[PDB]
Structure formats: structure tokens, C-alpha cells
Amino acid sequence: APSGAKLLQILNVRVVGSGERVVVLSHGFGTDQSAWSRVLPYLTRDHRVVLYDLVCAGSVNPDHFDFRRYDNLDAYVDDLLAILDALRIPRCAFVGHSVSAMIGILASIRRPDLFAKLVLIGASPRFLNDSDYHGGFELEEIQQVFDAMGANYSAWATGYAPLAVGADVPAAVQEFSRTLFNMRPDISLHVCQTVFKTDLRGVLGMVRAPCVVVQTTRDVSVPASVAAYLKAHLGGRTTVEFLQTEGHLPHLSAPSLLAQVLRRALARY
């Protein structure tokens, strides 16, 4: 199990920007840290920005993927904390998309003094529907996703990428498709299974950090009522920022709009 030190190289850690305020950018499913490329220059004039790849990214050597360890999001949390501890960063804001929003929630419970603020993009505590809980998916829907991913990964990714982007932004579709195709198909399926089975509803109240939940007008994996649920149950002061754009990947499809929200959220913490 690589130390935080060795993880700095394995997970392609980069530190850029200037200033005292540290911000971690943690990418979502199907991308790598290049997904932050379009929004990054809106932060680096006056924030010190830490970027890294999740172990499941195609830009990480697939020989490092451990199918036992990473069948729970707690192992991804371990990696994040090991990087921050290796970098000797005692306090930061954290921006997470998708699975990284879940990682950030869990990390803020594991190490409450380390996270001054959480910004969650495309975030859900639970995708499966439950009693009086609308997450957006039934068990048979997620099973069909797994079956499609395993039977024909290329065809599944080609159909999924425009749905995830949502808006008619062809470069965003191409960029998301490229990193989706860069993932090894068995690792992609494994991460998808891990995310779809996670249920964080019972620990949201243990988050102490103030939070900004960024929600678009239509997100194929996150109903608007799930953003409200996060605001209702997160333990810190929480604001939902509604972005006037469609899709699950606003950092790819609407970076200037997302940047305005991020700069307001990261101005003071």
C-alpha cells in the first residue's frame, strides 16, 4: 500500500497557482485531472491549487488498481488524505465532482480540521431510490448499466458521453469520451459498481465544514431534490448554487459559469 509520498507520483499530483488559500480539485467518474483544465485558470491567480488523479483514472498505471481495497470509497479517502499529509497541508478547501463529492464528504468526517470548506459538484449521497427518497435509479436500471458496460464498453461510452454532458457542447462530449475510453473497461465497471452501491445518507450530519452544493438545471444522475436533500442533512452551513446550464459536467461544458460560483465559494474560508 503506497504511502502518501509514493502516491504523489502514482496519482500524478500537481500543485499550481499562488497564495495562502489552498484548494484541492478532485475529479469525477470517467475523467482525470485534465477535466479541470478549462476552469483552472479562473482560480490560479489567487489560490494554490492541488490536482490529482483518482487511482481509477486511465492516466494512472492500471497495475496500481487494487480490486479489493477500492471496492469501498474509504480507500479513495485514504489516498486523498495521504497526499495532503505528504504535502504538509493542514487546511484546505476541497472541490469534488461526482464520486469525488462523496470522497470529500467522507474525508471531512475522517479529518474535520483539514477541510475548511467543501464544494460538491454533481453530487449525490445515494443514487438508488428508497422509501420517500428519490435518488433517480432503480436496482434494475443500474444492473442494466453494468451489463451494458461489460458487454460492449465502447458502445456504452459512446452513448453515455452526450447524456452526461447534457448540453449541446461537442468539445465537451469529445473530451469526456476521450477520458472514458482511456479507462480500462474492467476498472471503469468496478468504480461504477462501487459508486452506485454507496449510501452516505446516514453520515451527512457528521460533516462539520460549510458546504456549497453546485447543481445544474438538469443532471442525468442527480435530481434537483437530491441537492435539496444534501442541504437539508449536511451538518455544516450549506448553500445550493443553481447553475443556469444543463448537464452533469459543468466544468467541461460551462467552465466560465462554474468559475463564478467557485470563486465566490472560495473567496474566504
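In this text, residue numbers run from 1 along the sequence as written.
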- Would you mind comparing 72-80 and 169-177 for me and telling me which has the higher average C-alpha temperature factor in the entry? 169-177
- Taking only the CA atoms, which stretch has the higher mean B-factor in the record, 183-191 or 127-135? 127-135
- Comparing C-alpha B-factors across 55, 243, 40, 226 in this entry, the winner is 243
- At the C-alpha atoms, which of 110, 97, 88, 197 reaches the highest B-factor in this entry? 197
- Among modelled residues of the same chain, the CA temperature factor third for residue 159: middle
- Message: Among the modelled residues of this chain, does the Cα B factor of residue 233 put it in the lowest, middle or highest third?
- Response: highest
- Task: Sort the modelled residues of this chain by their C-alpha B factor and say whether residue 16 lands in the lowest, middle or highest third.
- Result: highest
- Message: Among the modelled residues of this chain, does the Cα B factor of residue 220 put it in the lowest, middle or highest third?
- Response: highest
- Message: Where does the C-alpha B-factor of residue 62 rank in its chain, lowest, middle or highest third?
- Response: middle
